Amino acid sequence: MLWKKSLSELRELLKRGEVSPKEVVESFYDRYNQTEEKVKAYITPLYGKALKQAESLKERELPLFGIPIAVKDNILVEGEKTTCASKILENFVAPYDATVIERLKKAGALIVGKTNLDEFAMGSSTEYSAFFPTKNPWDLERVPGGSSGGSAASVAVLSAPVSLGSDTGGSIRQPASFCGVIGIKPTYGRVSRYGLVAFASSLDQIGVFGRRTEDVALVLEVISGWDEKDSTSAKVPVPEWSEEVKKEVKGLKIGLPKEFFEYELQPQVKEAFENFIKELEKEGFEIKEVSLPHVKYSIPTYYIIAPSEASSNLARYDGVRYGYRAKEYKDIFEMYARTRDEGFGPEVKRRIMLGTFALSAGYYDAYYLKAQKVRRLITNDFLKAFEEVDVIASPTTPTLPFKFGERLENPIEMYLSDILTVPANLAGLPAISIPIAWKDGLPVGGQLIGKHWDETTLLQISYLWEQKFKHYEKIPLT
């Protein structure tokens, strides 16, 4: 039914004129109209604008010729609002394209909307959107995950085939898990952070959501390479992933971290993961127990580093050059402090306070600096484990999608969603969340963490797994 078709199916139809870009957009538009009132994936739907842009789209051999793509609303799309789901940035019109948006546009893609998120990418459920919650299309009593909640959701219901999110500590992977969709965060440095509203500069990476591994591999390839506007982007050639996912490499090895056995898992998740691994074993993967003696420290480490860099990256929202400004103030101090208290949500404010403390002289050595050192120990665990093994696997999440309000009482309860996801960001490694079962009606994601620059392998295994297990056929709302 068109919106039900994959990018391979859509491309062949587009290339031979059987369908037009406009029809494609119209298809997903209607599906959006079907689902959006329940789901609430988008902050700013742009199907209308995409409709118009499609008329001028002619060169069919462009890699993403007529493909609609949703975009997290912390990635800048010029001429349209980029809110980061914040009061302090509602009505901010983006003056420039993020590099990834530039590269998508050049590839013939069509930006179909700006996707809901936790305010400033800060959270694990999307509940901290300053505007409204996005809801899990597999159970609207349940959260779609976070921070890329809307990007995952809209890819689940297929109001868009393919999606862009960002991942600082699991913000692509955990929503991918909860929404029953593929989500990859590539190696740190593989995708530019130019035009990505910075949360934690040393942890952020734009990534991709999809339902077929080839969809994800292609979008990732496009948005990809070195960027001169980004100091931290790597001068490394982008591998031809679209031609590489379909290949099969013999005698690959999977590590199961011994320290993760001690992690409290939901029985359904445990069961799902065990089966995932048995089934991979059957296909010829060697399964080995590995050690990561420091991983348990991942979460404390992350929740020092992230909030620190966040307090610094958010110092610029001040009512001077753009965005919200408080109405009442007697002096520039009040202008500042009132604009910020009023414009920032509660999670953001918590991490800002934490950040400025962790960076304060007298506490810096024991907090931020300390954390950056534990981070190297953590990274080193991985590097050493990668001597014996090719990928590292675990559940993406310790639990099935949880309920609204369930993790808002103590902010810490929200942090604990990230226990299996943050290590990848700390080490700067690529990681993918892959749908592995449905348990009690709810998606379960399996996670594979790869070596630096080895997105290929992560993608290959994801491609092999979807052949055995066709999760792309499960669609949520009718």
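Sequential numbering from 1, following the sequence displayed.
So which stretch wins on mean C-alpha B-factor, 429-437 or 23-31?
According to the PDB entry, the answer is 23-31.
Read off the CA B-factors in the entry, average them over 369-377 and over 272-280, and name the higher stretch.
Mean B over CA atoms: larger for 272-280.
Maximum C-alpha temperature factor per the entry, among 173, 351, 250, 190, belongs to which one?
250 has the highest C-alpha B-factor of those listed.
Going by the CA temperature factor in the entry, name the top one among 307, 150, 239, 169.
Of the options given, 239 has the highest CA B-factor in the PDB entry.
Residue 311, C-alpha B-factor rank within chain (lowest, middle or highest third):
It falls in the bottom third of the chain.
Taking the C-alpha B-factors as the PDB entry records them, is residue 45 in the lowest, middle or highest third of its chain?
Middle third.
Which third of the chain does residue 245 land in by C-alpha B-factor: lowest, middle or highest?
Highest third, going by the recorded CA B-factors of the chain.
Relative to the other modelled residues of the same chain, rank the CA B-factor of residue 62 and answer lowest, middle or highest third.
For residue 62, whose C-alpha B-factor we compare with every modelled residue in the chain, the answer is the highest third.
Record-listed C-alpha B factor of residue 213: chain third
For residue 213, the deposited C-alpha B-factor lands in the highest third.
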